[PDB]
Structure formats: structure tokens, C-alpha cells
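Asks: Got a structure for you, written out below as C-alpha cells; questions coming shortly.
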Amino acid sequence: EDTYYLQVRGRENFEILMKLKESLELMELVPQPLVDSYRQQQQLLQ
Amino acid sequence: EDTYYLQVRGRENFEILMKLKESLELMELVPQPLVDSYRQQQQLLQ
Amino acid sequence: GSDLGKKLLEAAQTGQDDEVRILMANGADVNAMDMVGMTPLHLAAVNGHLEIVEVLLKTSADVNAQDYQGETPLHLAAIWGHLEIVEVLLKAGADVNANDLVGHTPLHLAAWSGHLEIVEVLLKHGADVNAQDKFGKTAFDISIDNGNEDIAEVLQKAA
Amino acid sequence: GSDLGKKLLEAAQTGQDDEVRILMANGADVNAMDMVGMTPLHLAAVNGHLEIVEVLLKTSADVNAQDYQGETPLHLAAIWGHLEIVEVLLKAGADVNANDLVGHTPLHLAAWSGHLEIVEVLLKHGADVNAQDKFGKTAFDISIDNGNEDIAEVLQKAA
Amino acid sequence: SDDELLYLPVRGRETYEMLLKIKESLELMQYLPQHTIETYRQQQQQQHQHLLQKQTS
Amino acid sequence: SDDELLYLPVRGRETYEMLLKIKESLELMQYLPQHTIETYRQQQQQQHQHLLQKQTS
């Protein structure tokens, strides 16, 4: 549906991108209220 | 040789990535001495 | 913060009951915080590990410990729908009306997730139905938004 | 910094001689700086626009203007191999021994690029062959590194 | 006891915002139950059934 | 007259470094002659001769 393929040179590069792919794909599963608490937290630290 | 293909959803997203593709591909053509001057400049501003 | 502290956070997260008991026996910090400020008790509540929650509640671990977002274990048991864990946190002295940074009570978060039995338990322990978040919204207002009609009507009956 | 200033930077960069003359007639700042601190004169030197360089050198524009990296128009004419531009900058009073932030002289940068005629011109105007960059390297040391044997031997003969 | 609080100096809005989206995604994973992770990871293992290849002709 | 000097606050080393590689690449383009740009851009126009497509079967 909205799946995207890419290609990367370098094992270290692939590993970083797999770490972030994971964390970015999982973000959709984080309840919005906890996201809102979190962004509140970041703004307070400014 | 070391050319890589990727796929992006969203015209605004494609435009940003084309801007950076340009600037990152052109970086190889910047003489190293001017790069070194530049990185010196950034360190001085710390 | 400490090696045993991180192992205990991870054992609590992953439901390693024997590991938890053994780390604690060896002096692991029960107030260890992960990168979002969660304690093993928070992580046991998130991941639904009732036995681990009961174990941690026999220690000095604060049942009302706040992570960096102001979430208590009761907020997170509530949002993830862990009814048994909600019940024992409340028995162990969980503040039913604890506020996170955007003014969510456990009731807001049970409302958000559509966890009916948990809304019922929170009301039973004196959840405040008239509490407003940062954005001026009650548990009710959020049940409405998220199309939780069961919970909408339970909340209106109580206000 | 100004609208005409940016247009003049871009006209100088892109070799739009008539545009340059017209922007200047209309009062465009000849000391306008781009995002790396380059003046129209810098950009005319980079891009090899001899006529535009000659035009700008009939104004108050500083022939020894430094960008944020300490590069003068003579550094950049040198590195990009614009012999005619090097010659007129030197005639217009370009400091042959100007230092950028990492201690490169125009001679270092002509050495780096393997521009033989330009090394010759820089020596002729009194380039200092014994000048060391941040990293302790002469024009000579850099000709060696970059396999510029012609220029290596010209530099050794002069030291 | 808390994780060490380090600070990252970032030149510019754009790099900052980008690093913020990244940090946010890495941190907020902590709030996910393992049932959710394990569901994700089985979804991912099943993507491997059909592997990526560069096509030709 | 100089470009406006803005500052971008960035939480963390990693986002900072990333935004720095980006900014650097965007700024240092200024040092390239148009002959070099035009060479690049003709190289790029010629990549279009052979267009990218998702292959099937």
C-alpha cells in the first residue's frame, strides 16, 4: 500500500537505518496521549 | 557502480530529497582545502 | 544509572519473573529509570506482568512514581487495558486522579483506549469525571472523540 | 542582506555582464555577501567571469575581501585555475600571501589544484614558498602529496 | 537512579527538527508492550518470506 | 551586507551531526564554478535517458 523500498551501501549504514526504520514504524502504535505528554516534556526542557 | 535507488511518498518529500541529493553529490567536487577552511570556520563559531 | 538497574528494567519489561526476583535479591534499584523516566513498576504495568507488579509492590518502589511525562504505573496499566494490574495498583495506593504533563488522568487514558471495565474500576475508586486536560477535555469529551459510546454513557451517568 | 545584493551575487556567479552593470547602476551592494561570506568579486573569480571581475575592480569592492573561511578572490581564482583573473587581481592589489582559516595561501591552493602557470604568476608577485598551513605543510609539501611533480620542482627552485 | 542527561548542540532549525523526530521515535518505543513489539516483529519476519531483489529485463 | 545569522537548537549529538553534514553540503556548493554545476546537471539529465521503474515478473 504505502511501503517503500531503498538500497544502502555499507553494513554500519544499513544497521542505523534498520534501527530507525524500527523506531519510526513503531511510532504509529504509540497512543497519541503519551506522544502529547512526551512533546509537552520536550517543550518544558526549553 | 555505487549508485543507489530509492522511493519516496509525497511531492514535498521528493523535492527536499532532490535538493539534498544535489548538494551531497556535489560535495565530492568541492576542493578539500575549502572544506577544511569551512570546518575550521564551524569549530571557531563553537 | 546502574547495571542491575538496567537489567531489572529489562527483566520487568520482558516478564522474566525469576530474573526480577534474583536481580532484586542481589540489590537491583527498584527506582531505576529508563530513558523516558519509567521504573520497573511502570514497565511491568505497560507489558501486563501482573506477578512482577505484585512482587515490586512488596518493595519501597513508589506506586505513584512519575516518569518524565508525569505518567504513573496506573496511567499505563489503564491505557494498555491491564485490568488486574489496575486493580492491584489501586489496592497498593495508586492515586486514581494522578495528572500527567498534558493533564490526563488514568480515566482520560482508559476513555481514549475504549477499556470499559477499567473505566468502571476507576470510577469505583473515585475517578474525577470532571477533570480537564491541557486542551480542555474530560474523559467524556475523549470517549466522544474516539467513538466509545459505551464509555460515553457510563461517564455521563457519573458526572 | 538586500534584494539587489542577492541579484548581483547571482548575476556575478552566472556571468550576466549586462545584468551586473545594470544592478550596479541601480545601486546594488558590491560588498553583498552570500551564505559562505563571498562577495560578487569572489563569485566572479570562482566562475571565471573575467569581464565581471574587471568591472567590479573599478568599484570600492575590496580585492582582499575575506569570506567566512578567510578565502580572498585570489585564493579562489587560484584553486579553480583562472589565470587571467589571478593576473588582474594581482594588478588590482590582491595580497599574494593572504591566509585563509587553515593557513592556505593562494600558492597552497594553486599547488593543490596542479595549476602550473598560476604557481609561476604567484611566485612572480612574491608568493612565500616557506608558508605553512595549520597542518605544517608548504606549497611544496602539497604539490608532493597531490603528485604535481612539475610544480614540486618549480617550488623547490624558489625556496 | 536516572539515565545520564547529555546535550547535543545542533546548528540550525532543520537538523534540530530532524534529530528530534529521530530521538522521539527511539524513546517512545519504551511505552510499547512486548505483545505489540512481537506483533510488529512477526509482521517483519513475514516480509522476509518475499525478499527484495533488483529486477532485470 | 551579510545573510541573517539564525541559530538552530538541536537536542543531541546525533541530530546535530546529521544537520551539520546537510548544512555543510548546501553551503559549500557556493564554491563550485557553473562549468562544474553544468557538467553535473548534464550528467543528471543523461540519467533520465534511462528512467527508474519498479520491475514485475
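Chain labels follow the order of the C-alpha cells: the first chain is A, the next B, and so on; residue numbering restarts at 1 in every chain, and ligands are counted from 1 in their shown order.
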Might you pull out every residue within 10 Å of segment 27-32 of chain B, with only C-alpha atoms counted and same-chain residues fewer than 3 positions away left off, and present them as number ranges by chain?

Replies: B: 21-24, 35-38; D: 79-80, 109, 112-113; F: 24-33, 36-37, 40

Asks: Residues of chain D within 10 Å of chain F, counting only C-alpha atoms, what are they? List them as a VMD selection string.

Replies: chain D and resid 1 to 2 5 to 6 13 to 15 29 to 39 42 to 48 76 80

Asks: Nearest to residue 39 of chain B: which of F:51, F:45, F:16, F:21 is it, counting only C-alpha atoms?

Replies: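 Nearest candidate to residue 39 of chain B out of F:51, F:45, F:16, F:21: F:21.
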
Asks: Grab the atom CA of residue 40 of chain A to atom CA of residue 103 of chain C distance for me, in Å with one decimal place.

Replies: 10.5 Å

Asks: Once you count only C-alpha atoms, which residues of chain F turn out to be within 10 Å of chain A? Could you give them as a list in words?

Replies: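 Only these qualify: residues 9, 11 and 54 of chain F.
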
Asks: Which of chain B end up as helix (DSSP H, G or I) when DSSP is run on this backbone - answer as number ranges by chain?

Replies: B: 11-29, 32-44

Asks: For the selection you just gave me, I'd like the residues written to a file as a compact mmCIF listing (two decimals), in the first residue's frame, keeping N, CA, C and O atoms.

Replies:
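Printed below is out17.txt as written:
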```txt
# COMPACT_ATOMS: atom_id res chain seq x y z
N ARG B 11 5.23 14.70 -2.82
CA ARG B 11 5.97 15.60 -3.73
C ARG B 11 6.89 16.50 -2.91
O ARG B 11 8.07 16.62 -3.30
N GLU B 12 6.42 17.05 -1.80
CA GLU B 12 7.25 17.92 -0.91
C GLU B 12 8.46 17.13 -0.42
O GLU B 12 9.60 17.68 -0.39
N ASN B 13 8.25 15.86 -0.09
CA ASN B 13 9.31 14.97 0.42
C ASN B 13 10.34 14.74 -0.68
O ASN B 13 11.55 14.84 -0.40
N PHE B 14 9.90 14.45 -1.88
CA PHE B 14 10.78 14.23 -3.05
C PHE B 14 11.64 15.49 -3.29
O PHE B 14 12.86 15.39 -3.41
N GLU B 15 11.03 16.65 -3.25
CA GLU B 15 11.72 17.94 -3.51
C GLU B 15 12.86 18.17 -2.52
O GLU B 15 13.98 18.36 -2.97
N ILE B 16 12.60 18.06 -1.21
CA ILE B 16 13.66 18.15 -0.17
C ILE B 16 14.78 17.17 -0.50
O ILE B 16 15.93 17.54 -0.35
N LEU B 17 14.44 15.92 -0.83
CA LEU B 17 15.45 14.85 -1.03
C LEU B 17 16.25 15.14 -2.30
O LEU B 17 17.42 14.77 -2.32
N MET B 18 15.61 15.66 -3.35
CA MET B 18 16.34 16.08 -4.58
C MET B 18 17.26 17.26 -4.24
O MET B 18 18.39 17.24 -4.69
N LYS B 19 16.83 18.20 -3.40
CA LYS B 19 17.70 19.34 -3.02
C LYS B 19 18.95 18.78 -2.37
O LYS B 19 20.01 19.16 -2.74
N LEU B 20 18.81 17.81 -1.47
CA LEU B 20 19.94 17.30 -0.65
C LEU B 20 20.77 16.34 -1.49
O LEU B 20 21.98 16.30 -1.31
N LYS B 21 20.13 15.55 -2.33
CA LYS B 21 20.85 14.67 -3.28
C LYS B 21 21.83 15.54 -4.07
O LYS B 21 23.02 15.23 -4.10
N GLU B 22 21.33 16.59 -4.67
CA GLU B 22 22.15 17.58 -5.37
C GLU B 22 23.31 17.96 -4.45
O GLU B 22 24.47 17.74 -4.81
N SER B 23 23.03 18.55 -3.30
CA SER B 23 24.10 19.22 -2.51
C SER B 23 25.10 18.16 -2.02
O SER B 23 26.31 18.44 -1.96
N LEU B 24 24.64 16.95 -1.75
CA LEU B 24 25.51 15.86 -1.24
C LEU B 24 26.34 15.27 -2.38
O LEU B 24 27.48 14.85 -2.14
N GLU B 25 25.77 15.14 -3.57
CA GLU B 25 26.53 14.60 -4.72
C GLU B 25 27.61 15.62 -5.13
O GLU B 25 28.71 15.18 -5.51
N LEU B 26 27.33 16.93 -5.02
CA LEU B 26 28.25 17.99 -5.49
C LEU B 26 29.41 18.14 -4.51
O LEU B 26 30.47 18.55 -4.92
N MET B 27 29.21 17.74 -3.26
CA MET B 27 30.23 17.87 -2.18
C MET B 27 31.54 17.23 -2.61
O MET B 27 32.57 17.78 -2.23
N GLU B 28 31.50 16.12 -3.35
CA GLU B 28 32.73 15.40 -3.80
C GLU B 28 33.57 16.34 -4.69
O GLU B 28 34.77 16.11 -4.79
N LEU B 29 32.95 17.34 -5.33
CA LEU B 29 33.62 18.24 -6.33
C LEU B 29 34.22 19.46 -5.61
O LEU B 29 34.97 20.22 -6.28
N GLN B 32 39.24 19.93 -1.24
CA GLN B 32 39.36 19.55 0.20
C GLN B 32 39.84 20.75 1.01
O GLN B 32 39.40 20.94 2.13
N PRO B 33 40.77 21.57 0.51
CA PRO B 33 41.24 22.72 1.29
C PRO B 33 40.09 23.66 1.72
O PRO B 33 40.11 24.16 2.83
N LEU B 34 39.12 23.89 0.84
CA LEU B 34 37.97 24.80 1.12
C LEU B 34 37.03 24.13 2.11
O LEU B 34 36.50 24.82 3.00
N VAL B 35 36.85 22.82 1.98
CA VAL B 35 36.12 22.03 3.01
C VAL B 35 36.81 22.23 4.36
O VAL B 35 36.11 22.40 5.36
N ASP B 36 38.14 22.19 4.38
CA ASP B 36 38.91 22.26 5.65
C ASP B 36 38.77 23.67 6.22
O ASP B 36 38.49 23.79 7.40
N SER B 37 38.83 24.69 5.37
CA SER B 37 38.59 26.09 5.80
C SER B 37 37.22 26.14 6.46
O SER B 37 37.12 26.68 7.61
N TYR B 38 36.21 25.58 5.78
CA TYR B 38 34.80 25.62 6.22
C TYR B 38 34.66 24.98 7.61
O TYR B 38 33.95 25.58 8.48
N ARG B 39 35.26 23.81 7.82
CA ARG B 39 35.07 23.05 9.07
C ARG B 39 35.82 23.78 10.17
O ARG B 39 35.28 23.91 11.24
N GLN B 40 36.94 24.41 9.81
CA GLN B 40 37.66 25.33 10.71
C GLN B 40 36.69 26.42 11.14
O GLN B 40 36.48 26.57 12.34
N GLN B 41 36.02 27.05 10.19
CA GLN B 41 35.05 28.14 10.47
C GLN B 41 34.00 27.67 11.49
O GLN B 41 33.67 28.45 12.39
N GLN B 42 33.45 26.47 11.33
CA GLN B 42 32.34 25.97 12.19
C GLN B 42 32.88 25.81 13.62
O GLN B 42 32.24 26.32 14.53
N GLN B 43 34.06 25.21 13.77
CA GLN B 43 34.74 24.97 15.08
C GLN B 43 35.00 26.30 15.80
O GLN B 43 34.89 26.33 17.03
N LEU B 44 35.38 27.35 15.07
CA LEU B 44 35.64 28.71 15.63
C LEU B 44 34.35 29.29 16.22
O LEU B 44 34.44 30.02 17.23
```

Asks: Could I get the residues of chain B with an atom no further than 9 Å from an atom of chain A, each paired with its nearest atom pair and that distance in Å to one decimal, using only C-alpha atoms, sorted by chain and residue number, as CSV?

Replies:
```
residue,atom,partner,partner_atom,distance
B:2,CA,A:9,CA,7.7
B:4,CA,A:7,CA,5.8
B:5,CA,A:7,CA,6.1
B:6,CA,A:6,CA,4.5
B:7,CA,A:4,CA,5.8
B:8,CA,A:4,CA,6.7
B:9,CA,A:2,CA,7.7
```

Asks: Counting only C-alpha atoms, which residues of chain E come no farther than 12 Å from chain F, as a PyMOL selection string?

Replies: chain E and resi 5-24+52-57

Asks: Quick one: everything within 9 Å of residue 7 of chain C, counting only C-alpha atoms, minus sequence neighbours fewer than 5 positions away in the same chain. Send it as JSON, numbers by chain.

Replies: {"C": [2, 12, 19, 20, 23, 28]}

Asks: Take the selection from the previous step and output its residues with N, CA and C atoms, as a compact mmCIF listing (two decimals), in the first residue's frame.

Replies:
```
# COMPACT_ATOMS: atom_id res chain seq x y z
N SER C 2 22.62 2.44 36.90
CA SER C 2 23.36 1.24 37.40
C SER C 2 23.13 0.05 36.45
N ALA C 12 11.74 -6.77 33.99
CA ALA C 12 10.35 -6.33 34.26
C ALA C 12 9.60 -6.14 32.95
N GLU C 19 14.21 -13.79 37.06
CA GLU C 19 15.30 -12.80 36.85
C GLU C 19 15.04 -11.59 37.76
N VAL C 20 13.79 -11.10 37.78
CA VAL C 20 13.37 -9.93 38.59
C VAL C 20 13.71 -10.22 40.05
N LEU C 23 17.53 -10.38 40.59
CA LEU C 23 18.16 -9.04 40.48
C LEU C 23 17.89 -8.26 41.76
N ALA C 28 19.32 -4.88 43.05
CA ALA C 28 18.93 -4.02 41.91
C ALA C 28 18.01 -2.89 42.41
```

Asks: I need the contact residues of chain D against chain B, so if you could list those with any atom within 6 Å, counting only C-alpha atoms, and return them as a list in words, that would help.

Replies: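 Listed by rising number, the hits are residues 69, 101 and 102 of chain D.
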
Asks: Just N, CA, C and O atoms for this one: save the residues we selected as a PDB file, in the first residue's frame.

Replies:
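Final file, selection.pdb:
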```pdb
ATOM      1  N   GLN D  69      35.510  31.878   5.488  1.00  0.00           N
ATOM      2  CA  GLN D  69      36.590  30.857   5.566  1.00  0.00           C
ATOM      3  C   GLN D  69      37.954  31.521   5.401  1.00  0.00           C
ATOM      4  O   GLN D  69      38.953  30.787   5.341  1.00  0.00           O
ATOM      5  N   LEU D 101      41.630  30.349   6.906  1.00  0.00           N
ATOM      6  CA  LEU D 101      41.477  29.921   8.331  1.00  0.00           C
ATOM      7  C   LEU D 101      42.415  28.753   8.667  1.00  0.00           C
ATOM      8  O   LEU D 101      42.662  28.528   9.866  1.00  0.00           O
ATOM      9  N   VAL D 102      42.803  27.957   7.673  1.00  0.00           N
ATOM     10  CA  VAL D 102      43.676  26.780   7.890  1.00  0.00           C
ATOM     11  C   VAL D 102      45.072  27.098   7.327  1.00  0.00           C
ATOM     12  O   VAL D 102      45.904  26.177   7.238  1.00  0.00           O
TER      13      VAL D 102
END
```
